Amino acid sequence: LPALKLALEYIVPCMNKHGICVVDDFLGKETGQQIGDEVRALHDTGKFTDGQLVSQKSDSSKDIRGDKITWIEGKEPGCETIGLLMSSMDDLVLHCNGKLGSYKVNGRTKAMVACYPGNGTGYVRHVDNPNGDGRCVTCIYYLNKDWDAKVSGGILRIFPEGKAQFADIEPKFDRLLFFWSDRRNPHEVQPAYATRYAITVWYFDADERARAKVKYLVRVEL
């Protein structure tokens, strides 16, 4: 439960061996429920987008939209338990530093809160960072109480590079997930038939991010 102990005795060895690490009961029921309440309040007050355009119909009232998102800094009114989550994620990662491969983590994104609305949409197979944009670790926290994928779908399926197999991860309440963001971990979200919430942060590697600046391209006027 102390972040350093979880980091050294579980996350570091699990990440270095498998590139994927699942931590259940990360924050406990009380805090997890508070975060759920904050995310549902965001949803109920219209703070999410309308959802990824999945099917563009000739009649636009027929369009199908999928995952909805909102970006959260962690200090907004009504988001402070999400901020607490983000701090706890940061504490874990920082207590791994120097031991997650050869990466040196020096920053992260804001939190991306995602809501799959339960209409049979998921997320196609993809790699989070396929082109060297600086992101080395993906961290996802799940909020869905009593989630059963045989009933509601929504499994996260990862295809770790170099295996004739995949890893199915249920989006279970108070579950934290780490995985390498690059091509080692292509993954997909299978169709969700119930409202499915998750909060993602990506962590940056100092070297990769520093040279991403070059490739991706700040101008000083003359």
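Just count from 1 along the sequence shown to find any residue number.
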item	value
Missing from the model but present in the deposited sequence, between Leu217 and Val218	4 to 9
Per the entry, higher mean C-alpha B factor between 61 to 69 and 45 to 53	61 to 69
Higher-B stretch (mean Cα B-factor, as the entry records it), 30 to 38 or 175 to 183	30 to 38
From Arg135, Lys110, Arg125, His95, residue of greatest CA B-factor	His95
Top residue by Cα temperature factor, when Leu85, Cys115, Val151, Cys139 are compared in the entry	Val151
Third of chain Cα B-factors occupied by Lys213	highest
Third of the chain, ranked by Cα B-factor, where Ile169 sits	middle
Chain-wide C-alpha B factor ranking for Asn129, given as lowest, middle or highest third	lowest
